[PDB]
Visitor: 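Structure in structure tokens, see below.
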2 protein chains.
Amino acid sequence: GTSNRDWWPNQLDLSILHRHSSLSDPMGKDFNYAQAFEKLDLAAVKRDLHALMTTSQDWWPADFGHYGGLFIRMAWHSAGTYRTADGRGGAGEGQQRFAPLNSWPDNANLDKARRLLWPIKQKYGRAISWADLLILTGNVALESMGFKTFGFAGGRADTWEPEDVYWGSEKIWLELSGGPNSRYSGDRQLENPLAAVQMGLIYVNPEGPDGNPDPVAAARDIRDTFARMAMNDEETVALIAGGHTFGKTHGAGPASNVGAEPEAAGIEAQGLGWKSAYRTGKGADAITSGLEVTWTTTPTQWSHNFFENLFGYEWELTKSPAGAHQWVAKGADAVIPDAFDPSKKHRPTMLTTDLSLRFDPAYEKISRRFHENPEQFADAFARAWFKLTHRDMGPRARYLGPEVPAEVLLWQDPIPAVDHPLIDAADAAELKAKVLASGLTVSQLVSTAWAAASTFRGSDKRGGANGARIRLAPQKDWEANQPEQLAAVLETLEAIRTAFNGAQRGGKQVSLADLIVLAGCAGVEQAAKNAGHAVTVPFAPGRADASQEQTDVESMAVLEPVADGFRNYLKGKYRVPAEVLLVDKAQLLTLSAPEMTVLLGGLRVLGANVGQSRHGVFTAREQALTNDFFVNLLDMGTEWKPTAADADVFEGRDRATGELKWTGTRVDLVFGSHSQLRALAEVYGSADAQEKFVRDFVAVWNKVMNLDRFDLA
Amino acid sequence: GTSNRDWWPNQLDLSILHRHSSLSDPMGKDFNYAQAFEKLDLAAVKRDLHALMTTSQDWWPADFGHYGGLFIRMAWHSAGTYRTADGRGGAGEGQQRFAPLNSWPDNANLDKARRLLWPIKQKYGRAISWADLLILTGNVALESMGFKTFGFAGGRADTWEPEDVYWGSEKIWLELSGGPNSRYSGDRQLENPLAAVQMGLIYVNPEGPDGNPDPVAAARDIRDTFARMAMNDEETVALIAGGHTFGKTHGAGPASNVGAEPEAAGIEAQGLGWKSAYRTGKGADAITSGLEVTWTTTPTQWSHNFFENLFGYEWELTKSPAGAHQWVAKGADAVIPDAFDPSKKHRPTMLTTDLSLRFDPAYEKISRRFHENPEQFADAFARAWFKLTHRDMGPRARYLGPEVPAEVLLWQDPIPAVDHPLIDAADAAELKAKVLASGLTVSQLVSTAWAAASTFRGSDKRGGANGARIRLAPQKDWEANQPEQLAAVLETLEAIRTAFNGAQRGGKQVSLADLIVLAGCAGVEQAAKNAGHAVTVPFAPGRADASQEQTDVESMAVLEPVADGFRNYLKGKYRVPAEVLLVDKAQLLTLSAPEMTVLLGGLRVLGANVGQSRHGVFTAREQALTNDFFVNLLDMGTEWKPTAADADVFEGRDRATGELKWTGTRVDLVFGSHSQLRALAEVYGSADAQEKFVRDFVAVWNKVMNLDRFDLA
Ligand code: NA
Ligand code: NA
């Protein structure tokens, strides 16, 4: 059947905003995963997982009698899709069980690993999510093999449909770089937001860049992709060498023996794929990657044998039975065990990407330190494994269960505990009046609270107004945040705060994070008053102020809004149309299409635009909360045309006289063009909609202010 | 960005079941359009519509000073997408304002028509939907031009995103037949469920079949497509001749002057399209279809001039100024007015498809009767226009406002009024006990009630258990309904009914429609008891029994289930895979994916399969309500393979011994294969889910039993 996407392939897709409806979710509307998990007997689950590790199933026999390496790979891949650029991917929604990830070539045979876990998932039911189980199983694998993990948190709720992620524009799995949809340009610059070198890979190609087996060049791709997953050189080396202490790769015959990935397989395969015609198709005859390497002399036990071998041998370029490039130790004895035949031994082998850890000069220094000091290696790997598997969980308030690490880590963007009484409703009313009496305007108050709260993204639950990091580097200097204007507002609010806090007894105080939010609430109430409407905007106290020393400035860079349609802002000139960037932002804010439409039309008339731009300010009563954006945009008495200076800026002129009435950008005018967004704009632009517009604006403003409030969940 | 649909283009799409979530809808979840409409000042709206008729806007000037013809075409096209095969399309959801229908070539310039209505829509807001406004406007246009309509009902709630409809597989707008994706095969056989001859047309091609100007062959296409829109020969002739009494076509210059359709146009177009470079691009210069025909001497007034012209001249083939085929009256004088210049007159003209009404011998006889008896033509056209514009509205209980016709029409599948006391809870308990004492089994009771209720489709709100039409022709004879089994159940039920009704006082009686549904509820209660669960299934009385004379047997044929996955039934071997047909059926029943999952898994173990087929009966306790279907389908101890006899039946064998344990169809096994359906099956097959399964099944059963109960809404 031909679809709208077929006819109009470039038209904007609003379906990304309407996933996760209560329709698609089999659990009741009142289901609370955290409540279920908190009563899980986690120790019993781990005892079951420990038993599974050495209980081989004949349909996918265990290498060395132990599934631990397979499960570590499973958990690593679940987490390894994460990109810092947008926060998308990662292990936090259990997306490896859905398309496309369930069928990426790098996930081959993890379908078998997940099937091995069905009996335990079935036993525990709703009290452990697939998402949590996949990570837990990797931790139990590590523990079972002698490695002390840093800890584990539950709380990843399951999802029920595929996430909408841009994974690249190639139409061929694993396509080498430089094709018509190349993800590389310039001097090997990978396009943002991508974090893998080839479509369907987790990070890098194990044979080397585009298949060229050069460890020094491979190291470049490792460093770039791991940095795009938030890992530095020490963490990178720890992870790779730590992982490759365990298990083996699978390449026993040619890859042409392997059939369809799971999403392409026949119905009889019952959700599995990569069925192999090579010999028994499994076990000793398995084919996964096509490589055939076993890294250590004890693949089922933690050791420091990976670095002993990497540094203790010289390496020769060789081919696996499937034809893939890999390396074997020159002159070595057969010291590596075979996975099924106790009478066979093999020489040490390595991937090109393993040899990167020795031939790249900066990695070599770390690797040598880890070789000489294996305790340092173990601690770095434990810490990096925790970070990897938790990076997208969000604030520490979301962490559940008895094994949560007590150490607070800088990468968690930590928020101090609150140790004093909070303001009550009468205090909040007193503070809103003080804020309005200061002379701060509706535009100032709205713009500041919007800047603080709108850094949130639901993909990895980073950002938001909690912390008051807007006052700190780097947020206080972002161009979108209007740094001189911001400084002036924050000075005024900090004086209000000092005066209120100095007058209290009993230790009650207000944080600056809460006062920034409350001040924005006062601005919205005042704008409603300016329109003739008395409303109260909800406010929940309890945010705390983080320090500069508790803030990693480099990690915060990815949260800079370079396109924020809600403030009519674009930092530079981009390939992707601005309207598509607005819908991307709305999805990170967790907004529906109706919510995005109300919010933007309100912000326009409140004065939230960066630079006091008049684009989209379709009112003669700025700083009053009215529906004038929608009534004016939809007025057929105005004709619109792109300007000669800039095709992305439009003039609205009276159709009869030619008089200039307005200007707007693509972000403004999409609401009068897109057939679905225009239908929404019509509801809010109708003669009966003033009350509705106000109510719905207040509700979506309060939603945005609370996005990071997992302390109240 | 490459998507899952790109990678796996034949995989099943479950998003069709989760449209219309509260997420995409701007109105609150409690908004009730019927309540809003019932307080609209309908008379005020009609005065405004009357004013609009002759208020010409310079950006799309009115032909003859009166927009009535444009508006009639607008309303006709809103209704004209309807297909009796699935009930999809039609005016009832206002879908002409969304993709793709807003941009079909046959809807060209109806963007202008709908934009002319924005000020009225704005003024009345949520109290009149777009869907009702488009029909009301057509009615007012007719009234304004001197034609008395049969009536009007409101109640078409607006929708907020495109409907998922199969419109064909062609990849080229208007493609002629016989291409790679041809909708025709054999002797001009149109593929079900389509009801138009070319992609982007409403019914037929005005130049003739595939552009060949043969009125006799055109007639064949008109008859077939109108029958597929529920119209017979008399209704067809009345509608075409009635419509073409008014207005004109637009073809003033070559079609190459017309630019992008609305969904392709630039942002500055603000939702309009087909901008024309020909002269002024509008009014006298308009280009819509490419034809240049004006049918009557008074295009803005009801007349009997259509048939006077059709019969009063002989016709010559000619070309419009765009090159399209049309007909002109031989030796006529210039009697037809010009739309803009009072000094120009034109000869009478006709389309090929108008000439069909004279040169097809069965239409000729109707046309002549209408020409000789214009009162008959007027009444037929009024009735047909009502039917056209109301066909998809469902039972008369949904009809709102002060202009609803009192006459009950056969096509409405009428249900008699209930005029007696209904059974109460103590009566329902007595009847359930009598049903269970009769010896009717769980399988018989479930299967019968399922057969009665599951004819409902939400697309046109036809079908369901109200009316007890299961006892009448043709439902009692459908193969899916197991006619001999059904007769025996009905005989037993009608004897229960007779005995209960004979024992009452005060006029109380139970209908057979109610008893069929109540008996099914007793079967579900009994099956829960058989599993050790105490369950009460809700029941709402008030259904009535319709007569055979209230049941048009030909119109009922389209409701016959030729695929019903819920009963593991397929009537024949089809091109579309059976799991796609199950999702299609789920969508007509208004079910979400979780609801479809629970329902199907329960029905399998209750014995609802046609012919007592063992396919998908994955239990050793048939007729007990358990989650066995899920637990056994997901057991990895079983391996599945298609049979040699039939690739569409699968055998599930013990993996270790080879022994046969079960058989299933594609409909059974998709729940273990599709990655989203299997995630749902996992929830219900977990060890904690037996109670959840029973409660969820009861809810979805009740849902299906009440789909047609608009008497309770
Ligand atoms: Na994420
Ligand atoms: Na319909």
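Each chain gets a letter, A, B and so on, in the order the sequences are listed, and its residues count up from 1. Indexing begins at 1, ligand by ligand and atom by atom, following the structure's order.
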Visitor: Report yes or no: does B/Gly92 have an N/O/S atom closer than 3.0 Å to the Na ion (ligand 2)?
Guide: no
Visitor: To the nearest 10 degrees, calculate the angle at the Na ion (ligand 2) involving O of B/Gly87 and O of B/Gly89.
Guide: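 Rounded to 10°, it measures 100°.
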Visitor: Answer yes or no for A/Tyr82: is there an N/O/S atom below the 3.0 Å cut-off from the Na ion (ligand 1)?
Guide: no
Visitor: Using 3.0 Å as the threshold, say whether any N, O or S atom from A/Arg88 sits that close to the Na ion (ligand 1).
Guide: no
Visitor: Has the side chain of B/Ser129 got a donor or acceptor atom that lies under 3.5 Å from a matching backbone atom of B/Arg156?
Guide: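 Side chain of B/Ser129 to backbone of B/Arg156, a donor-acceptor pair under 3.5 Å: yes, one is there.
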Visitor: Does A/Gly90 bring an N, O or S atom to within less than 3.0 Å of the Na ion (ligand 1)?
Guide: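 Under 3.0 Å: A/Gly90 has no N, O or S contact with the Na ion (ligand 1).
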Visitor: Can a donor-acceptor pair be found, under 3.5 Å and without considering hydrogens, that links the side chain of B/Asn466 to the backbone of B/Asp708?
Guide: no
Visitor: Taking the side chain from A/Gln95 and the backbone from A/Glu161, do they hold a donor-acceptor pair closer than 3.5 Å?
Guide: yes
Visitor: Of A/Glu163, A/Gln587, A/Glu93, which is the lone residue that meets side chain to side chain donor-acceptor pair (under 3.5 Å) with A/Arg88?
Guide: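 Of the listed residues A/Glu163, A/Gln587, A/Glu93, the side chain to side chain donor-acceptor pair (under 3.5 Å) partner of A/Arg88 is A/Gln587.
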Visitor: Angle class for the A/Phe710/A/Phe456 ring planes (parallel below 30°, perpendicular above 60°, tilted otherwise)?
Guide: tilted
